[PDB]
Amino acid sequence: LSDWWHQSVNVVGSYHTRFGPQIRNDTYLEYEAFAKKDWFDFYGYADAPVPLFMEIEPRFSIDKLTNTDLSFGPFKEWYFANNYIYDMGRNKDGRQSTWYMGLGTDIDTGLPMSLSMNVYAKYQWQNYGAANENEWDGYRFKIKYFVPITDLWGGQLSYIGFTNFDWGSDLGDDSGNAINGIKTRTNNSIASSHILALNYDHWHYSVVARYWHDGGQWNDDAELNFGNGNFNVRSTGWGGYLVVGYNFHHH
């Protein structure tokens, strides 16, 4: 319902994406959803081409549920936090099921913005047949913030930023080496997003700048050859997205 549950369908164009071995630029339909109802907040999305990829972020309030004011310092609340990534792929081979679970919170910066932090431990199921499949592998720290800016062109301009820090994975150690002599995969990785979004009653446009450091744990510069000759992995660098979508809600 419009009250708390927010929906939106979007068309996204991406440029120089870095979660895989090779650089990519795609376009696709996306289904987004945000929600906040006393003991549960949520954010998630599903992408589909011109098979299916989705990432959901559900968190449950340890306060509301434990009916105890865990409030302390700038820490307004505490959550059982989750970050689940799923990629259907074309074969059980190009599939991914990742589950980050942990502790998350909301910070009060006294500033006119929203800020959240979450630490997760994760269990890895399918992962494109990589070495870290089916096992507890790595941790992740997620920091995200929302910053209302002003009213620009009749709509409302805002800034959304979030970064995912991953470390302690066992891949990279367990993967092989490249032609390069350097390991192919990586134990850690960073993906930082910066979003400038324009919102009207229903339509919205967003520009997204995104930076990877060893994207998808692919060790930057690793030299590989998938059968078309040697090439070097470009997993560290920028890429971006253009987003046009429509938010639904009765009047």
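Residues carry their position along the shown sequence, with the first being 1.
Unresolved deposited residues in the interval that joins residue 50 and residue 51: The entry has 10 or more unmodelled residues between residue 50 and residue 51.
Of 130-138 and 91-99, the one with larger mean CA B-factor: On average, C-alpha B-factors are higher across 91-99.
Higher-B stretch (mean Cα B-factor, as the entry records it), 24-32 or 60-68: According to the entry, 60-68 carries the higher average C-alpha B-factor.
Highest recorded Cα temperature factor - choice among 210, 202, 213, 37: In the PDB entry, the greatest C-alpha B-factor among 210, 202, 213, 37 is found at 37.
Chain-relative CA temperature factor third for residue 237: It belongs to the middle third of the chain when residues are ordered by C-alpha B-factor.
Record-listed C-alpha B factor of residue 119: chain third: Residue 119: CA B-factor falls in the lowest third of its chain.
Residue 14, C-alpha B-factor rank within chain (lowest, middle or highest third): It falls in the middle third of the chain.
Within-chain third of residue 153 by Cα B-factor, per the entry: As the PDB entry reports it, the C-alpha B-factor of residue 153 lands in the highest third of its chain.
Entry-reported Cα temperature factor of residue 80, expressed as the chain third it lands in: Middle third - that is where residue 80 ends up once the chain's C-alpha B-factors are sorted.
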